[PDB]
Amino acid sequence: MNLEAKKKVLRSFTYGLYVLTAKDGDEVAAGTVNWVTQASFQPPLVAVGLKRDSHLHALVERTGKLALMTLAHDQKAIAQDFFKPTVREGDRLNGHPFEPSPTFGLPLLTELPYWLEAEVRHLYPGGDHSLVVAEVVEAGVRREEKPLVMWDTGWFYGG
């Protein structure tokens, strides 16, 4: 097939930027992700593509719990910090304050506008990633605002 065309077409996909978190005891993990989409209205399902060989994939697969926060249009700088390994210091992750989520107590970045807690229902491995399908069990809105669209950041993950 035309691999160059394939890369371009896949790179033409539009994505939002989110931060997914997970934890097991004192071990916590957070990372910026873009392969995300709702997958059902009833029940409320979301699908997140996580790299099989990654810290967050290991925690999410093993504990079956996760939290996801939507980054605001002006939070590129924050999204930037969660590309690196997660370093927890006090009630902060990579320099950003967080609070325990209301349901399972997963790390919640208090600066981000929207957040949700979800339980893993199915984890579908496929190639180098796995499609985690989880059911939203709680959600919260600190404030309303336009989300961060990946294209505007200049970054990308696809192709």
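Note that residue numbering begins at 1 and tracks the sequence as displayed.
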_Mean CA temperature factor from the deposited coordinates, higher in 94-102 or in 64-72?_
94-102
*Read off the CA B-factors in the entry, average them over 8-16 and over 137-145, and name the higher stretch.*
137-145
*For the listed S54, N34, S40, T110, which has the peak Cα B-factor recorded in the PDB entry?*
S54
*Hey, what third does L50 fall into on Cα B-factor, ranked over its chain?*
middle
*Just say lowest, middle or highest third for the CA B-factor of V28 relative to the other modelled residues in its chain.*
highest
*By its CA B factor, does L123 count among the lowest, middle or highest third of the modelled residues in the chain?*
highest
